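Scroll down for the structure; my scribbles are underneath it.
Cβ: placed from backbone, ideal geometry, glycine included. Neighbour counts: every protein chain shown. Every number here is computed from the coordinates shown, using simple stated rules; none is lab data.
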Amino acid sequence: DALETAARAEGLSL
Amino acid sequence: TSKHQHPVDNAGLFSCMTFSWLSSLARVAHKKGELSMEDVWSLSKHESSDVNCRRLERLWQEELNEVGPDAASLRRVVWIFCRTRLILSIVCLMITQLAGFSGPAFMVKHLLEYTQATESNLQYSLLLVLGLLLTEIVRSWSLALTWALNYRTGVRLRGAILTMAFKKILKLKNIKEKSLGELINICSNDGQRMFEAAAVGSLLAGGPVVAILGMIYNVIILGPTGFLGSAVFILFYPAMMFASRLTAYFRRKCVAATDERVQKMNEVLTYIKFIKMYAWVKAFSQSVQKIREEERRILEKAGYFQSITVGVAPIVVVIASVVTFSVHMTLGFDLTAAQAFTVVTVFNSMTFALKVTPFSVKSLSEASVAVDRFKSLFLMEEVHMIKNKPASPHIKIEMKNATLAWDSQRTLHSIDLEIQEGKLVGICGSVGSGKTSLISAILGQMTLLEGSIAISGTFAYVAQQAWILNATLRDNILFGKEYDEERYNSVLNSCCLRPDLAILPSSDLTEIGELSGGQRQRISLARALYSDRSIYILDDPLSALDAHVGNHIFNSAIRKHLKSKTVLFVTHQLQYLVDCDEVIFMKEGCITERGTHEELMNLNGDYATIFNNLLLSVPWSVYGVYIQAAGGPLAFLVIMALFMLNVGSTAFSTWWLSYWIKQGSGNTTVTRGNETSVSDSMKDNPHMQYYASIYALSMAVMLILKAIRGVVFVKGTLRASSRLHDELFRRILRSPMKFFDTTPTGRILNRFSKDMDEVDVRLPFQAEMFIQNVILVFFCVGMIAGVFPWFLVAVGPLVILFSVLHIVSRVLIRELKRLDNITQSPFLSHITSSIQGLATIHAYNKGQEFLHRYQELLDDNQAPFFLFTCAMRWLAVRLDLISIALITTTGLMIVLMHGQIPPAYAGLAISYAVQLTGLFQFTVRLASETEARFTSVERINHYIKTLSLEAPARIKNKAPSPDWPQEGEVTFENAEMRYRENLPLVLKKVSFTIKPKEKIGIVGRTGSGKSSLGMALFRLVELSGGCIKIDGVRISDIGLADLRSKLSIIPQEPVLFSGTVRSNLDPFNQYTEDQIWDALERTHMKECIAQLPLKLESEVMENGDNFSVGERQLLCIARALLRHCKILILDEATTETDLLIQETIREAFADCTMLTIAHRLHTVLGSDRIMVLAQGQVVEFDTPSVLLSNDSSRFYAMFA
């Protein structure tokens, strides 16, 4: 999801 | 992995904030460009797996003793385990939100109020800008601290839970209760799930408070009218969750669609040659095309929804602003610029928070599912051990009147056994009698019901499956014991491992994959012999082993080596018990006959009855080719124009707000009492309705432009992808067979299977997100520059620094990910190896070494992953600091020119500058993902471009004749044919002629050229010399379809395609139904077809594995006979069913020319002529009757 990848792209794995 | 102390323990608060340790590491990486396992730090003692395991097991035991093993909740256990860290994280996050709310709103309000004032007081505005910089920096640092604490806590929790779960599975009773795949998955991704849980939940506890604070601030600023602006998120976010659910549903559809498509692709490529000489390409081409169009429709729907749900945040804030301000202005309320821009900035704040929260909610749900699964895998039965010592050490095994029932069933009843040391005891019985049950019960996997079992000394076990350790030959033979030379050599020579040593050049030092069954059995026996335990149990060691070598091994090992220790013999062969010291017969779980062998035949029991039974980076070329496949530069220009129009229209709405506020009274003379004067009030302008109408038009433009852009982009991307698919299919179906002869089908299948779905479901997504992010950032910067160019010349060097940071971070991230994968792979390999043979490990009591090895693997696997996560956080901190510098400089620039610009312009500038925050690491990550996807598409492009082209299906030679072939006469003349270049020639000067209506049989040794004639006659591989004449017409002067349509063969193996009987017989439907029925009755198939209500619509699966073999052969030969080709060849078509097939073939094609490629002499007996091939040449040519009558004839040699 667009919102799901928002938090992951901050500092987590994709 | 060589260090004294981790930098964490020796790092201060400032270093913890700026990650100076990883800064030095990244500088070293940039200096070198490559990383190694030695350059990284080892795990500190704080996060060691063993200590965390001890803490977790202690807490779990306490909870179990507290509530009991009936309502135990691991949620409470992990809560106590991480409580202190969680409270620290939530306090720090509360500080983050308080700062990021109090700073921007209050500073912006005060700055705009001062700007609206007339007098100049620099002493106040400088204080304000210093304050706002302080709040921004404090919020950034507090967020960094929160994330660092969350990372450490997550690492600790993941390590502890993984090692405890491994201990639990190593202490398991049965392995067949649950699937092996899920048991591997419970130790593969659950650590990532726990990491997500901890970190992103601690982040989840930060959204509602700032949302509520924003609502309160908005209402207190505006009035009772702030509810309209605060209700937009409530009315909207259900739409986002609805869109997410719909996208998930459509994805669930297209995954099944593409599964069907890839199954069809595998089916068609499995028999590519079989299609190749039939010229049936168009049928499967069209089938693939329609499946592709169905999946393309599903992808279109999914893409519409995805592009709908991409970039709502500026849209959400714009909608909130327009609705709130239209309502406020229409109802006669007054307003100023400062309130407006404070409102929009606060709105940006809650948009940030509410964009953070939802994936955290999803991660929490996944965590709940995972911990429930763990609780399920925490409450099974534990394998017990029987430690009751016997009365005397002489009686190593003792057991008295014990009965058992297999857990899932009473099997064994009233058993009385006693075996002394040094005595060899054999076990006799049938399958299912209880041999396996009794040895398993002795192994300790069975409970104790009656009496007691006495077990003393170690145990030696050899497996029926012969479990092989995932290591080299020299490793698993020692099995944790010290190395010896003479003992190892004697053991190896005892089990005849010398052929195994000689066959493999590096046999002594070759890793064994997770070989032959005999080799596994013999290495198992060698391992057992080297183990040198106390009690040696043994089951069927010569079942898969050859009789002679097995007997030699038994004589040289059991009768020589283990003559002084207790040995238990179990085997399905009763011929080895003649020399055994004692024989035990096992029957129906109860002992019936026992004693010495001679007495065992003397008693003439049921043993004698069965005893006699056996006696009788990527360049711009990839980007250019992808753009060209998209439809040329015009589509690129259109999509860029659409994105620019969307962002420019958002700019238009905001600038219209600014213009509305700036217009003021418009020089309107109004009365305010007893006197009249010009009052700069919004409500006095007689044209506010026009402005409201322009607002409505702006909102409509918002919605329409977003929808149009999304639809157009999705359609363009899918058109490009489908064009690439069609091109690749067209090229691959016109490819040589040498492609498949040289390259395995796995690579091509993977290119069709995973790369295609990867590009289709990933590249548009990341590409669109990256384009939107970059265009939004560029447009905001362009606005701020259009207000102040000095800002632009200030941010230039900042752009350069951002590029440098991006390069460094990309290098470090790639290196860290490579190290993580390279340390992850052997981890999974070891888990698989351990779970494969758990019973043997339990039998040998080697559990501690395995858990120690797994702890080592977990440590050196989780070190680089933790470093990688910290590096990403460090990059985020640096980019946030750059944005803070930007906000400080734009605030100072706004201050410096007080009184010369209208307040609305300053407010819009500061609002956009605030919006600029937190929009850089997103760009970097999206760039990395896009370049990875373009690397994949580059691989696909190289794969498609490196192909070749065959001869065209149509040639200038034209059709030979409408009635071609006129006869069945073929003459060969010096056939020279070779499989490949530089390959030895398979055909060497062979010339022969075949008269029509004759049966010809080709018999020869393997590789003599029997198979080559099929390709030679079909022009499949170009002739290297000589000519082939059929009816006086050279084969090379006929088009591919022209002669491929008049030739048919029958392969060795039946070939049945997925689909229906009608499709599997004639997809083109060029035959009438009565002809099909006549063919079926000739083949004797109507009796097996008519009774089915789907007689001509009977579904056929992959390879048609639902009929009998006779039915398959009959339908295949029907698929040969309906074509009524003049020339037909069989290739080794292979009791009553076989005879029926042969007689059907004999009666079927009696009126054509038969060529037979048969390896069986008996079937070809009585043929008209026999073809003999001597390594690619013919030596005899006559009737077989005169050939079998000649002893010197080669044809008569193998007959005897």
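Equivalent ellipsoid semi-axes for the protein assembly as shown, as square roots of 5 times the alpha carbon gyration tensor eigenvalues: give them largest first, rounded to whole Å.
Three semi-axes, in Å: 71, 49, 27.
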Exercise for the section: Evaluate 2.2 N^0.38 Å with N set to the residue count of the range B:527-589, then give the Cα radius of gyration divided by it. Expected result: 1.13
Handout entry: log10 of Debye I(q)/I(0), alpha-carbon scatterers only, for the range B:970-1196 at 0.15 Å⁻¹
Key = -1.09
Exercise for the section: From the C-alpha gyration tensor of the range B:397-615, pull out the three semi-axes of the equivalent ellipsoid (sqrt of 5λ each), sorted largest to smallest, in whole Å. Expected result: 32, 20, 16
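Restricting to the range B:970-1196, what percent of DSSP beta bridges are antiparallel, rounded to 5? List each step's numbers first, then the result.
Values: 13 of 31 bridges.
Antiparallel: roughly 40 percent of the beta bridges in the range B:970-1196.
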Handout entry: Proximal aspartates and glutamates relative to residue B:662, as straight alpha-carbon distance under 13 Å, when same-chain residues fewer than 8 apart are discounted
Key = B:680
Handout entry: Residues of type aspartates and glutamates that residue B:587 reaches as a straight line, Cα spacing below 16 Å, ignoring anything fewer than 8 places off in the same chain
Key = B:416, B:606
Handout entry: Sorted by Cβ neighbour density within 10 Å, fewest at the top, the residues B:749, B:424, B:728
Key = B:749, B:728, B:424
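Can you give the Kirkwood hydrodynamic radius of the range B:317-391 from its Cα pairs, in Å with one decimal? Could you put the intermediate results ahead of the total?
Details: mean 1/r = 0.0552 Å⁻¹.
Kirkwood radius, the range B:317-391: 18.1 Å.
Can you give the % of DSSP beta bridges in the protein assembly as shown that are antiparallel, to the nearest 5?
Working: 32 of 64 bridges.
The antiparallel fraction comes to roughly 50 percent.
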Handout entry: Mean residue ellipticity (222 nm) of chain B, computed from DSSP H runs ≥ 4 via -39,500 (n - 2.57), nearest 500
Key = -20000 deg cm²/dmol
Handout entry: Packing-based ranking, highest mean first, of B:1071-1084, B:906-919, B:1-14 given that Cβ atoms within 10 Å are counted
Key = B:906-919, B:1071-1084, B:1-14
Fill in the blank from the handout: Between residue B:1098 and residues 5 or more places away or on another chain, the pairs with built amide H atoms under 5 Å apart involve B:1061, B:1062
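For a distance above 21 Å, tell me the whole-number percent of Cα pairs in the range B:655-805 that qualify. Intermediate results must be reported in sequence, preceding the final value.
Numbers: 8173 of 11325 pairs.
Percent of Cα pairs beyond 21 Å in the range B:655-805: 72.
Which order do the peptides B:81-93, B:132-144 take when ranked by the mean count of other beta-carbon atoms within 10 Å per residue, highest first? Write down the numbers at each step before the final one.
Details: B:81-93: 17.2, B:132-144: 20.7.
So the order, starting with the most tightly packed, is B:132-144, B:81-93.
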Handout entry: Distant-in-sequence amide H partners of residue B:538 (H built 1.01 Å from N, under 5 Å)
Key = B:568, B:570
Fill in the blank from the handout: Share (percent) of C-alpha pair distances in the range B:389-516 greater than 24 Å works out to 49 percent
Practice task
Could you tell me the distance between the Cα centroids of the range B:780-841 and the range B:124-160, to the nearest Å?
Solution key: 20 Å
Practice task
Please work out whether chain B counts as rounded, prolate or oblate from its C-alpha gyration tensor, where a ≥ b ≥ c are the square roots of the eigenvalues and a/c under 1.5 means rounded, while otherwise a/b larger than b/c means prolate and anything else oblate?
Solution key: oblate
Completion exercise
XL table B:282/B:1010; B:997/B:1046; B:173/B:846; Cα-Cα > 21 Å flagged, in table order, is B:282/B:1010
Practice task
Could you rank the peptides B:261-269, B:794-802 by their average count of other C-beta atoms within 10 Å per residue, with the highest value first?
Solution key: B:261-269, B:794-802
Practice task
Kindly work out what percent of the DSSP beta bridges joining two residues of chain B are antiparallel, to the nearest 5.
Solution key: 50 percent
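Using only atoms on other chains, find how many Cβ atoms lie within 10 Å of each Cβ of peptide B:140-151 and report the average.
Numbers: counts 0, 0, 0, 2, 1, 0, 0, 3, 0, 0, 1, 2.
Counting other chains' Cβ atoms within 10 Å and averaging over B:140-151 gives 1.
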Completion exercise
Fewest to most Cβ atoms within 10 Å: B:936, B:490 sort as B:490, B:936
Fill in the blank from the handout: Over 32 Å (Cα to Cα) among B:290/B:362; B:738/B:988; B:389/B:481 -> B:290/B:362
Completion exercise
Mean per-residue count of partner chain Cβ within 10 Å for B:286-297 equals 0
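To make sure I understand, if each residue's beta carbon is the centre and we count other beta carbons within 10 Å, what order do B:622, B:255, B:431, B:714 fall in, fewest to most?
Working: B:622 19, B:255 14, B:431 7, B:714 22.
Lowest count first: B:431, B:255, B:622, B:714.
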Handout entry: Pairwise centroid distance, computed over Cα atoms, of the range B:1145-1200 with the range B:911-990, Å
Key = 41 Å
Exercise for the section: Anything over 25 Å Cα to Cα? Flag those among B:171/B:387; B:754/B:1095; B:958/B:989; B:253/B:754; B:171/B:423, in the order listed. Expected result: B:754/B:1095; B:958/B:989; B:171/B:423
Practice task
Would you please classify the overall shape of the range B:932-1076 from the alpha carbon gyration tensor, given that a ≥ b ≥ c denote the square roots of the eigenvalues, rounded means a/c under 1.5, and beyond that prolate means a/b larger than b/c while oblate covers the rest?
Solution key: oblate
